[PDB]
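Only one structure is covered here, and it is reproduced in the block below.
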Amino acid sequence: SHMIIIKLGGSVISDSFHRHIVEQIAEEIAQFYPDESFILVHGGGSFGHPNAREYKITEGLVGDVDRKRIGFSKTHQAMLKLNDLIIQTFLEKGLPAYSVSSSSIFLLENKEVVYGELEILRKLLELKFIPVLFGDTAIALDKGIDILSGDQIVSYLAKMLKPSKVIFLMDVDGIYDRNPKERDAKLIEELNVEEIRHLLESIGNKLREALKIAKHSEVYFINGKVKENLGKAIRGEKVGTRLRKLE
Amino acid sequence: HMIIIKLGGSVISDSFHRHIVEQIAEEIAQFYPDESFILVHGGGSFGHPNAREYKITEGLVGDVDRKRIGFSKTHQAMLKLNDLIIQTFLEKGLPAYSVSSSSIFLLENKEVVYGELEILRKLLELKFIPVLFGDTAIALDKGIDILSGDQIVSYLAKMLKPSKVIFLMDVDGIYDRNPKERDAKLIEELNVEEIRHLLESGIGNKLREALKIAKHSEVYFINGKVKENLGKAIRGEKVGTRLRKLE
Ligand SMILES: Nc1ncnc2c1ncn2[C@@H]1O[C@H](COP(=O)(O)OP(=O)(O)OP(=O)(O)O)[C@@H](O)[C@H]1O
Ligand SMILES: Nc1ncnc2c1ncn2[C@@H]1O[C@H](COP(=O)(O)OP(=O)(O)O)[C@@H](O)[C@H]1O
Ligand SMILES: C/C=C(\C)COP(=O)(O)O
Ligand SMILES: C/C=C(\C)COP(=O)(O)O
């Protein structure tokens, strides 16, 4: 199954669009298209988080339900705008990135995907297309509405489609000790389960979802600012933090 | 209890006629939330100039890479038009939500042979107004194709079985011949025999799809550029062309 999932962070695409960044990921992906299939998932940044926390989407369909539904739709549109920005950046570089609305195929419960539709994603990957999903608002079976993050989408896609690897693009070089902003913090080039539990005792949700994904595919945590990193993660070279498939 | 409203391409656009969209929004607001509504708006002056250029109807033939690029660009333009329509609906207080047609529907022979409607069902249950659009689509036979709103509403009528399906067109309804031709008379009560005659001698596609929708729901053909025409069509009053449910 020649397929790799790539999670674009929210801080590597915005804070304002980072066009040169997305150009770099597109240039790096063009090295393997179309022999290797690729799925991308991008989060919020100056688009999704403002409207998501302004209308209290995570609160659910409680209180003023009409305003909550209106803000639900508004946040969906605001995320579609940034998705269009990314799609145009990918199309200018010759990559046939196709937008797939996350809220149109996924249903939520306990901030997790309990219902999904993936035949369209398979048909896109088969026809040498590159699907682009996003952390979105979503319908939740428990609290009416919720915020479906990109990590949960990646987890569901890893459990179902079973990619060869999942590569997270973060602002730091990878999984560090304590906090990367500290003066002393060594990069974990080889991350395992016990280390993940150690850091979880004290990100956080990302490491939980990574522990879940490692059951199906390898996981990479690489710095998205460096262009050559992604390729090194696709070819399997030593870069950033690597969590091998569980045995 | 559910009403499927199809918005014609020559109605909403051809360029964007925002005033008539506000008019339609008020018309539906006169009934929300006593009834559930599914909107389907055509291509208009957004998806037509792209699909007619890139020849998406020809399929994945010739320059397949350029065809994929045009696929994605057409989807993005349709998303832009859908964003305009949904913002217009949101300003009127109605909670309209975007549903990408290419994310849940698969095509073969210009017809939906695979669909996903659970998210649509949950949206209708939570008092939302799902808005779909004539969109690019993955065709199982020719790779890529153009899924029109008529096929969308046909599949949705076969599946969800709404109470009635109202087509907003540039004309007052179905005429015994071309409305451009003089002495044109508007058919008040439409039946299968007149449809057979009009087909045996665009509009023909809409008649073909209405013949299939009539087995599940009552069809209306009214002028979209006239406000009250919608309400009279929802209240079952005499307006435009009326196609009773088959028996
Ligand atoms: N041990 C650690 N390893 C890695 N990052 C750490 C660690 N401790 C703290 N951090 C901080 O966690 C932050 C990671 O941000 P976060 O997990 O919220 O994701 P993001 O960039 O917002 O996007 P996304 O969730 O879409 O990937 C960084 O700013 C980093 O400094
Ligand atoms: N017998 C007829 N009755 C009414 N309109 C007709 C007839 N024959 C042709 N037309 C015209 O043909 C056009 C077909 O447009 P159509 O494909 O329905 O647009 P859309 O795809 O946006 O719904 C209509 O604008 C209509 O004016
Ligand atoms: C609108 C969705 C948001 C802000 C969450 O997505 P994430 O950044 O967790 O991928
Ligand atoms: C790009 C979508 C198209 C061309 C379909 O438009 P409709 O027939 O629904 O008006």
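In the structure tokens, the first chain shown is A, the next is B, and so on; residue numbers restart at 1 for each chain, and ligands run from 1 in the order shown.
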| message | as a count of residues only, please: every residue in region 5-209 of chain A that DSSP puts in strand (DSSP E or B). | response | 44
| query | Near residue 29 (chain A), within 9 Å and counting only C-alpha atoms, which residues show up once chain neighbours fewer than 3 positions away are dropped, as a ChimeraX atom specification? | reply | /A:24-26,32-33,38,95,230-231,234
| request: Pull out every residue of chain A that has at least one atom within 6 Å of chain B, counting only C-alpha atoms, and report them as a PyMOL selection string. | output: chain A and resi 69-70+73+96+98+100+104
I need the residues from that last selection saved to file as a PDB file, in the first residue's frame (with N, CA, C and O atoms), if you can.
```
ATOM      1  N   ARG A  69     -25.385  27.240  15.727  1.00  0.00           N
ATOM      2  CA  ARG A  69     -25.445  26.691  14.374  1.00  0.00           C
ATOM      3  C   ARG A  69     -24.895  27.681  13.350  1.00  0.00           C
ATOM      4  O   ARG A  69     -24.162  27.295  12.423  1.00  0.00           O
ATOM      5  N   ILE A  70     -25.235  28.963  13.504  1.00  0.00           N
ATOM      6  CA  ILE A  70     -24.733  29.977  12.579  1.00  0.00           C
ATOM      7  C   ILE A  70     -23.211  30.057  12.650  1.00  0.00           C
ATOM      8  O   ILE A  70     -22.528  30.120  11.619  1.00  0.00           O
ATOM      9  N   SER A  73     -21.578  27.069  10.862  1.00  0.00           N
ATOM     10  CA  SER A  73     -21.456  27.282   9.421  1.00  0.00           C
ATOM     11  C   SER A  73     -20.373  28.309   9.097  1.00  0.00           C
ATOM     12  O   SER A  73     -19.608  28.142   8.134  1.00  0.00           O
ATOM     13  N   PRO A  96      -2.074  17.778  -8.329  1.00  0.00           N
ATOM     14  CA  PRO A  96      -3.551  17.811  -8.399  1.00  0.00           C
ATOM     15  C   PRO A  96      -4.201  17.599  -7.037  1.00  0.00           C
ATOM     16  O   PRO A  96      -4.861  16.591  -6.761  1.00  0.00           O
ATOM     17  N   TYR A  98      -6.929  17.885  -4.363  1.00  0.00           N
ATOM     18  CA  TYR A  98      -8.381  17.994  -4.392  1.00  0.00           C
ATOM     19  C   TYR A  98      -8.910  18.142  -2.974  1.00  0.00           C
ATOM     20  O   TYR A  98      -8.536  17.372  -2.083  1.00  0.00           O
ATOM     21  N   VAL A 100     -11.357  17.889   0.122  1.00  0.00           N
ATOM     22  CA  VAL A 100     -12.368  16.978   0.647  1.00  0.00           C
ATOM     23  C   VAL A 100     -12.854  17.539   1.974  1.00  0.00           C
ATOM     24  O   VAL A 100     -12.071  17.657   2.925  1.00  0.00           O
ATOM     25  N   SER A 104     -18.243  16.535   5.868  1.00  0.00           N
ATOM     26  CA  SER A 104     -19.178  15.875   4.968  1.00  0.00           C
ATOM     27  C   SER A 104     -19.076  14.356   5.005  1.00  0.00           C
ATOM     28  O   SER A 104     -19.954  13.681   4.458  1.00  0.00           O
TER      29      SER A 104
END
```
| task | Identify which of the residues A:191, A:108, A:85, A:80 lies closest to residue 147 (chain A), counting only C-alpha atoms when measuring atom-to-atom distances. | result |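 Of A:191, A:108, A:85, A:80, the one nearest residue 147 (chain A), counting only C-alpha atoms, is A:108.
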Counting only C-alpha atoms and all ligand atoms, which residues of chain B fall within 10 Å of ligand 2, and what is the closest atom pair for each with its distance in Å at one decimal, ordered by chain and rising number, as JSON lines?
```
{"residue": "B:6", "atom": "CA", "partner": "ligand 2", "partner_atom_place_in_ligand_line": "23 (O)", "distance": 8.2}
{"residue": "B:7", "atom": "CA", "partner": "ligand 2", "partner_atom_place_in_ligand_line": "23 (O)", "distance": 7.3}
{"residue": "B:8", "atom": "CA", "partner": "ligand 2", "partner_atom_place_in_ligand_line": "22 (O)", "distance": 4.0}
{"residue": "B:9", "atom": "CA", "partner": "ligand 2", "partner_atom_place_in_ligand_line": "22 (O)", "distance": 3.3}
{"residue": "B:10", "atom": "CA", "partner": "ligand 2", "partner_atom_place_in_ligand_line": "22 (O)", "distance": 4.9}
{"residue": "B:11", "atom": "CA", "partner": "ligand 2", "partner_atom_place_in_ligand_line": "22 (O)", "distance": 7.0}
{"residue": "B:12", "atom": "CA", "partner": "ligand 2", "partner_atom_place_in_ligand_line": "22 (O)", "distance": 8.7}
{"residue": "B:13", "atom": "CA", "partner": "ligand 2", "partner_atom_place_in_ligand_line": "22 (O)", "distance": 9.0}
{"residue": "B:14", "atom": "CA", "partner": "ligand 2", "partner_atom_place_in_ligand_line": "22 (O)", "distance": 9.8}
{"residue": "B:41", "atom": "CA", "partner": "ligand 2", "partner_atom_place_in_ligand_line": "22 (O)", "distance": 8.3}
{"residue": "B:42", "atom": "CA", "partner": "ligand 2", "partner_atom_place_in_ligand_line": "22 (O)", "distance": 5.6}
{"residue": "B:43", "atom": "CA", "partner": "ligand 2", "partner_atom_place_in_ligand_line": "22 (O)", "distance": 7.1}
{"residue": "B:44", "atom": "CA", "partner": "ligand 2", "partner_atom_place_in_ligand_line": "22 (O)", "distance": 6.7}
{"residue": "B:134", "atom": "CA", "partner": "ligand 2", "partner_atom_place_in_ligand_line": "21 (O)", "distance": 9.1}
{"residue": "B:148", "atom": "CA", "partner": "ligand 2", "partner_atom_place_in_ligand_line": "21 (O)", "distance": 7.4}
{"residue": "B:149", "atom": "CA", "partner": "ligand 2", "partner_atom_place_in_ligand_line": "21 (O)", "distance": 7.5}
{"residue": "B:150", "atom": "CA", "partner": "ligand 2", "partner_atom_place_in_ligand_line": "23 (O)", "distance": 7.5}
{"residue": "B:167", "atom": "CA", "partner": "ligand 2", "partner_atom_place_in_ligand_line": "23 (O)", "distance": 7.8}
{"residue": "B:168", "atom": "CA", "partner": "ligand 2", "partner_atom_place_in_ligand_line": "23 (O)", "distance": 7.7}
{"residue": "B:169", "atom": "CA", "partner": "ligand 2", "partner_atom_place_in_ligand_line": "23 (O)", "distance": 6.1}
{"residue": "B:170", "atom": "CA", "partner": "ligand 2", "partner_atom_place_in_ligand_line": "25 (O)", "distance": 5.4}
{"residue": "B:171", "atom": "CA", "partner": "ligand 2", "partner_atom_place_in_ligand_line": "27 (O)", "distance": 5.3}
{"residue": "B:172", "atom": "CA", "partner": "ligand 2", "partner_atom_place_in_ligand_line": "4 (C)", "distance": 7.6}
{"residue": "B:173", "atom": "CA", "partner": "ligand 2", "partner_atom_place_in_ligand_line": "4 (C)", "distance": 5.6}
{"residue": "B:174", "atom": "CA", "partner": "ligand 2", "partner_atom_place_in_ligand_line": "3 (N)", "distance": 3.8}
{"residue": "B:175", "atom": "CA", "partner": "ligand 2", "partner_atom_place_in_ligand_line": "3 (N)", "distance": 3.9}
{"residue": "B:176", "atom": "CA", "partner": "ligand 2", "partner_atom_place_in_ligand_line": "1 (N)", "distance": 5.3}
{"residue": "B:177", "atom": "CA", "partner": "ligand 2", "partner_atom_place_in_ligand_line": "1 (N)", "distance": 4.3}
{"residue": "B:178", "atom": "CA", "partner": "ligand 2", "partner_atom_place_in_ligand_line": "8 (N)", "distance": 4.4}
{"residue": "B:179", "atom": "CA", "partner": "ligand 2", "partner_atom_place_in_ligand_line": "5 (N)", "distance": 5.9}
{"residue": "B:180", "atom": "CA", "partner": "ligand 2", "partner_atom_place_in_ligand_line": "27 (O)", "distance": 7.8}
{"residue": "B:181", "atom": "CA", "partner": "ligand 2", "partner_atom_place_in_ligand_line": "8 (N)", "distance": 9.6}
{"residue": "B:184", "atom": "CA", "partner": "ligand 2", "partner_atom_place_in_ligand_line": "3 (N)", "distance": 9.0}
{"residue": "B:185", "atom": "CA", "partner": "ligand 2", "partner_atom_place_in_ligand_line": "3 (N)", "distance": 9.2}
{"residue": "B:186", "atom": "CA", "partner": "ligand 2", "partner_atom_place_in_ligand_line": "3 (N)", "distance": 7.7}
{"residue": "B:187", "atom": "CA", "partner": "ligand 2", "partner_atom_place_in_ligand_line": "3 (N)", "distance": 8.5}
{"residue": "B:194", "atom": "CA", "partner": "ligand 2", "partner_atom_place_in_ligand_line": "1 (N)", "distance": 9.9}
{"residue": "B:195", "atom": "CA", "partner": "ligand 2", "partner_atom_place_in_ligand_line": "1 (N)", "distance": 9.1}
{"residue": "B:198", "atom": "CA", "partner": "ligand 2", "partner_atom_place_in_ligand_line": "1 (N)", "distance": 6.6}
{"residue": "B:199", "atom": "CA", "partner": "ligand 2", "partner_atom_place_in_ligand_line": "1 (N)", "distance": 9.0}
{"residue": "B:202", "atom": "CA", "partner": "ligand 2", "partner_atom_place_in_ligand_line": "17 (O)", "distance": 3.3}
{"residue": "B:203", "atom": "CA", "partner": "ligand 2", "partner_atom_place_in_ligand_line": "14 (C)", "distance": 4.3}
{"residue": "B:204", "atom": "CA", "partner": "ligand 2", "partner_atom_place_in_ligand_line": "8 (N)", "distance": 7.7}
{"residue": "B:205", "atom": "CA", "partner": "ligand 2", "partner_atom_place_in_ligand_line": "17 (O)", "distance": 7.2}
{"residue": "B:206", "atom": "CA", "partner": "ligand 2", "partner_atom_place_in_ligand_line": "18 (O)", "distance": 6.1}
{"residue": "B:207", "atom": "CA", "partner": "ligand 2", "partner_atom_place_in_ligand_line": "18 (O)", "distance": 8.9}
{"residue": "B:221", "atom": "CA", "partner": "ligand 2", "partner_atom_place_in_ligand_line": "4 (C)", "distance": 9.0}
{"residue": "B:241", "atom": "CA", "partner": "ligand 2", "partner_atom_place_in_ligand_line": "4 (C)", "distance": 9.5}
```
Just-selected residues, C-alpha atoms written as an mmCIF file, in the first residue's frame:
```
data_model
loop_
_atom_site.group_PDB
_atom_site.id
_atom_site.type_symbol
_atom_site.label_atom_id
_atom_site.label_comp_id
_atom_site.auth_asym_id
_atom_site.auth_seq_id
_atom_site.Cartn_x
_atom_site.Cartn_y
_atom_site.Cartn_z
ATOM 1 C CA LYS B 6 -33.126 22.921 -6.518
ATOM 2 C CA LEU B 7 -31.700 26.323 -7.474
ATOM 3 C CA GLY B 8 -31.211 26.735 -11.208
ATOM 4 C CA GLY B 9 -27.899 27.854 -12.636
ATOM 5 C CA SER B 10 -29.443 30.594 -14.777
ATOM 6 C CA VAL B 11 -31.327 31.717 -11.644
ATOM 7 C CA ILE B 12 -28.672 32.254 -8.970
ATOM 8 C CA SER B 13 -26.023 33.345 -11.493
ATOM 9 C CA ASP B 14 -25.609 34.692 -15.031
ATOM 10 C CA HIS B 41 -27.655 25.102 -6.498
ATOM 11 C CA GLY B 42 -26.346 24.753 -10.035
ATOM 12 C CA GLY B 43 -23.058 25.795 -11.559
ATOM 13 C CA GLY B 44 -24.017 29.222 -12.854
ATOM 14 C CA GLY B 134 -23.507 20.701 -9.180
ATOM 15 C CA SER B 148 -25.287 18.084 -12.207
ATOM 16 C CA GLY B 149 -27.755 19.175 -9.552
ATOM 17 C CA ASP B 150 -30.530 17.254 -11.301
ATOM 18 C CA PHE B 167 -37.164 23.451 -9.211
ATOM 19 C CA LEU B 168 -36.420 27.174 -9.481
ATOM 20 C CA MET B 169 -35.911 28.015 -13.161
ATOM 21 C CA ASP B 170 -35.607 31.119 -15.316
ATOM 22 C CA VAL B 171 -39.080 30.436 -16.727
ATOM 23 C CA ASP B 172 -42.426 30.172 -14.940
ATOM 24 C CA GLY B 173 -42.384 26.388 -15.420
ATOM 25 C CA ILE B 174 -42.802 23.826 -18.190
ATOM 26 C CA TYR B 175 -44.251 25.011 -21.505
ATOM 27 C CA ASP B 176 -45.730 22.975 -24.347
ATOM 28 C CA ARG B 177 -42.793 24.134 -26.498
ATOM 29 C CA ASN B 178 -39.871 26.544 -26.362
ATOM 30 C CA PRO B 179 -40.819 29.672 -24.370
ATOM 31 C CA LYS B 180 -38.718 31.599 -26.896
ATOM 32 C CA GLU B 181 -41.281 30.599 -29.524
ATOM 33 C CA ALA B 184 -46.105 29.814 -25.630
ATOM 34 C CA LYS B 185 -48.539 28.351 -23.093
ATOM 35 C CA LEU B 186 -47.543 27.269 -19.586
ATOM 36 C CA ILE B 187 -48.553 23.763 -18.506
ATOM 37 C CA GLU B 194 -46.933 15.474 -22.107
ATOM 38 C CA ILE B 195 -43.434 14.753 -20.783
ATOM 39 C CA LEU B 198 -41.738 17.037 -24.998
ATOM 40 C CA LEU B 199 -38.886 14.532 -24.665
ATOM 41 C CA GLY B 202 -30.826 20.886 -20.649
ATOM 42 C CA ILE B 203 -34.607 20.812 -20.376
ATOM 43 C CA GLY B 204 -34.709 17.212 -21.595
ATOM 44 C CA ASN B 205 -32.345 16.131 -18.825
ATOM 45 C CA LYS B 206 -34.549 17.836 -16.233
ATOM 46 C CA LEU B 207 -37.612 16.081 -17.665
ATOM 47 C CA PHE B 221 -41.363 23.936 -11.555
ATOM 48 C CA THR B 241 -45.972 23.673 -13.359
#
```
| task | Assign secondary structure with DSSP using the backbone only, and return the residues of region 4-128 of chain B in alpha helix (DSSP H) as a PyMOL selection string. | result | chain B and resi 9-12+18-29+44-54+64-91+118-125
| said: If I take CA of residue 189 (chain A) and atom 25 (O, counted along the ligand's line) of ligand 1, how far is one from the other in Å, to one decimal? | reply: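 One can read the CA of residue 189 (chain A) to atom 25 (O, counted along the ligand's line) of ligand 1 distance as 19.8 Å.
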| query | For residue 33 (chain B), which residue among B:19, B:52, B:1, B:182 is the nearest when counting only C-alpha atoms? | reply |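 Comparing B:19, B:52, B:1, B:182 against residue 33 (chain B), the winner is B:1.
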| task | Between CA of residue 175 (chain A) and CA of residue 19 (chain A), measure the distance and give it in Å to one decimal. | result | 25.6 Å
Per residue of chain A within 7 Å of ligand 1, which atom pair is closest and at what distance in Å (one decimal), using only C-alpha atoms and all ligand atoms, listed by chain and increasing number, as a tab-separated table?
```
residue	atom	partner	partner_atom_place_in_ligand_line	distance
A:7	CA	ligand 1	27 (O)	6.9
A:8	CA	ligand 1	26 (O)	6.3
A:9	CA	ligand 1	26 (O)	3.6
A:10	CA	ligand 1	23 (O)	4.6
A:11	CA	ligand 1	21 (O)	4.8
A:12	CA	ligand 1	21 (O)	6.9
A:42	CA	ligand 1	26 (O)	6.7
A:43	CA	ligand 1	26 (O)	4.8
A:150	CA	ligand 1	26 (O)	6.2
A:151	CA	ligand 1	25 (O)	6.7
A:168	CA	ligand 1	27 (O)	6.5
A:169	CA	ligand 1	27 (O)	6.7
A:170	CA	ligand 1	21 (O)	5.5
A:171	CA	ligand 1	21 (O)	6.3
A:172	CA	ligand 1	30 (C)	6.4
A:174	CA	ligand 1	4 (C)	5.8
A:175	CA	ligand 1	3 (N)	3.8
A:176	CA	ligand 1	3 (N)	4.1
A:177	CA	ligand 1	1 (N)	4.6
A:178	CA	ligand 1	1 (N)	4.9
A:179	CA	ligand 1	8 (N)	3.8
A:180	CA	ligand 1	31 (O)	5.1
A:181	CA	ligand 1	31 (O)	6.0
A:199	CA	ligand 1	1 (N)	6.7
A:203	CA	ligand 1	17 (O)	3.4
A:204	CA	ligand 1	17 (O)	6.9
A:206	CA	ligand 1	17 (O)	6.1
```
| request: Step by step, measure atom-to-atom distances between ligand 3 and each residue using only C-alpha atoms and all ligand atoms, keep those at most 8 Å, then write them as an NGL selection string. | output: :A and (9-10 or 41-45 or 47-52 or 75-76 or 79 or 134-137 or 147-151)
| message | Using only C-alpha atoms, which protein or nucleic acid residues come within 12 Å of residue 232 (chain A)? Drop anything in the same chain fewer than 3 positions from it, and give the result as a ChimeraX atom specification. | response | /A:28-29,31-32,167,220-224,226-229,235-242
